[PDB]
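Note: hydrogens, waters and symmetry copies are ignored here, and every other heavy atom, side chains too, is used. We're numbering straight along the sequence, starting at 1.
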Amino acid sequence: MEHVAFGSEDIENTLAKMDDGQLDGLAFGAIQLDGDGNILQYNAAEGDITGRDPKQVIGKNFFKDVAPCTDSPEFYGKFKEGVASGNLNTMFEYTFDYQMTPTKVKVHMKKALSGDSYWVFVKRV
C-alpha cells in the first residue's frame, strides 16, 4: 500500500509523482479533474466506494454526467469558486446518492501542484 494519509498538508506534492497505478494503491478515493470538471484520473478505492468502473468514467464530466448529486452550491459551487480563484483547499461531509445506496463520505478538494488540475479525495465516514 502507498502510505499517504487523507488530509495531509502536502498531499498534492506526494501525489504529483503518482501514475494511475500508484494512485490505485491509496487508502482513500482520489479523482483528478481539470478546470471544467472532466475526469483525468479515478482510482480503485473510489470505484470501491461508488460502484463506478474507473476506466469507464475517465473523460466524462464529473458534475454533469457522473455525479449530478454534486451539482449544487455546496460541492460544484465550491469547486468552481476555487478554479476561478486559482486556489482551493476545503473539506466537508457529503452524501453520494445517485444510482447507489446513499453513502456518507468526507470530501477533501485541493488544487493540484500541476496547472489546471484539481483533486477530489473521498473516504467513508
Side-chain angles (χ1 to χ4, degrees):
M1 172 157 94
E2 265 292 354
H3 51 265
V4 67
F6 179 94
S8 287
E9 16 171 285
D10 300 310
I11 188 156
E12 70 270 28
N13 285 65
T14 309
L15 300 205
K17 80 198 183 187
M18 295 180 210
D19 50 313
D20 91 294
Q22 270 180 75
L23 215 69
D24 284 347
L26 297 180
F28 49 85
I31 304 172
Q32 194 182 213
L33 297 305
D34 65 12
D36 283 321
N38 298 309
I39 301 166
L40 306 176
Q41 288 189 295
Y42 191 101
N43 81 348
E46 185 64 8
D48 280 357
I49 297 172
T50 69
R52 276 64 178 187
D53 188 300
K55 297 306 172 194
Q56 305 208 12
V57 292
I58 290 176
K60 304 280 188 58
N61 190 280
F62 186 73
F63 301 106
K64 177 185 188 182
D65 307 320
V66 182
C69 80
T70 72
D71 183 358
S72 75
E74 295 211 88
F75 195 131
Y76 183 25
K78 287 167 188 158
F79 177 80
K80 73 105 179 172
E81 274 190 91
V83 174
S85 298
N87 168 89
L88 175 68
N89 185 9
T90 189
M91 202 181 289
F92 53 93
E93 291 187 347
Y94 208 76
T95 296
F96 293 162
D97 61 6
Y98 182 61
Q99 298 188 157
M100 69 201 283
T101 296
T103 306
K104 230 182 279 175
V105 296
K106 187 163 167 171
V107 179
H108 178 204
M109 291 195 292
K110 197 170 189 180
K111 184 189 161 64
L113 222 162
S114 180
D116 256 308
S117 64
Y118 306 77
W119 290 106
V120 176
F121 303 118
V122 178
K123 75 166 184 177
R124 194 132 191 211
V125 292

For the hydrophobic clusters of this structure (ILVMFWY residues joined by side-chain heavy atoms under 4.5 Å, transitively), does one cluster hold both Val57 and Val122?
-> yes
Interatomic distance, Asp71 atom CG to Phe79 atom CZ [nearest 0.5 angstrom] | 12.0 Å
Shared ILVMFWY cluster between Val66 and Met109, side chains joined below 4.5 angstrom?
-> yes
Listed partners of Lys104 passing side-chain contact (heavy atoms from CB on, under 4.5 Å), at least two apart = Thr95, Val125
Cluster check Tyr118, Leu15: I/L/V/M/F/W/Y, side chain < 4.5 angstrom | no
So which heavy atom on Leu33 is nearest to which on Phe62, and how close?
-> CD1-CB, 3.6 Å
Pairing residues for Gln99 by the side-chain hydrogen bond (donor to acceptor under 3.5 Å, both in side chains) criterion, not counting sequence neighbours = none
Looking at NE2 of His3 and CG of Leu26, how far apart are the two atoms once the value is rounded to the nearest 0.5 Å?
-> 11.0 Å
Any link between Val4 and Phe121 through a network of hydrophobic side chains (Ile, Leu, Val, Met, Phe, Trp, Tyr) touching at under 4.5 Å?
-> yes
Could you give the side-chain donor-acceptor pairs of residues 81-91 under 3.5 Å, partners two or more places apart or in another chain?
| residue | atom | partner | partner atom | Å |
| --- | --- | --- | --- | --- |
| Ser85 | OG | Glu81 | O | 2.9 |
| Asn89 | OD1 | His108 | NE2 | 2.9 |

For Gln32, side-chain hydrogen bond (donor to acceptor under 3.5 Å, both in side chains) partners two or more places apart = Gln41, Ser117
Looking at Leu40 and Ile58, what are the two nearest heavy atoms and their distance?
-> O-CG2, 3.8 Å
Partners meeting side-chain hydrogen bond (donor to acceptor under 3.5 Å, both in side chains) with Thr103 (sequence neighbours left out) | none
Residues passing the side-chain contact (heavy atoms from CB on, under 4.5 Å) test with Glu74, sequence neighbours excluded, are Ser72, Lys78, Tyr94
Is there a path of hydrophobic side-chain contacts, each under 4.5 Å between heavy atoms of I, L, V, M, F, W or Y residues, that connects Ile39 with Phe75?
-> yes
Residue pairs fulfilling salt bridge (charged side-chain N to carboxylate O under 4.0 Å, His left out) with at least one residue in residues 3-12, sequence neighbours excluded = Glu12-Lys110
How would you list, by chain and number, every residue that makes a side-chain contact (heavy atoms from CB on, under 4.5 Å) with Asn61, sequence neighbours excluded?
-> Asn38, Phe63, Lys64, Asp65
Going by atom type alone, with no hydrogens or angles, which donor-acceptor pairs under 3.5 Å involve a side-chain atom of residues 42-55 and a protein atom two or more places apart or on another chain?
| residue | atom | partner | partner atom | Å |
| --- | --- | --- | --- | --- |
| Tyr42 | OH | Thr50 | OG1 | 2.8 |
| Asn43 | OD1 | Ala30 | N | 3.0 |
| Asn43 | OD1 | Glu46 | N | 3.0 |
| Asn43 | ND2 | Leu23 | O | 3.0 |
| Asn43 | ND2 | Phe28 | O | 3.0 |
| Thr50 | OG1 | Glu46 | O | 3.1 |
| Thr50 | OG1 | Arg52 | N | 3.4 |
| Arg52 | NH1 | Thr50 | O | 3.0 |
| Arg52 | NH2 | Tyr98 | O | 2.9 |
| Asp53 | OD1 | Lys55 | N | 3.4 |
| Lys55 | NZ | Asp20 | OD2 | 2.9 |

Atom NZ of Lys106: over 12 foreign heavy atoms under 6.0 Å = no
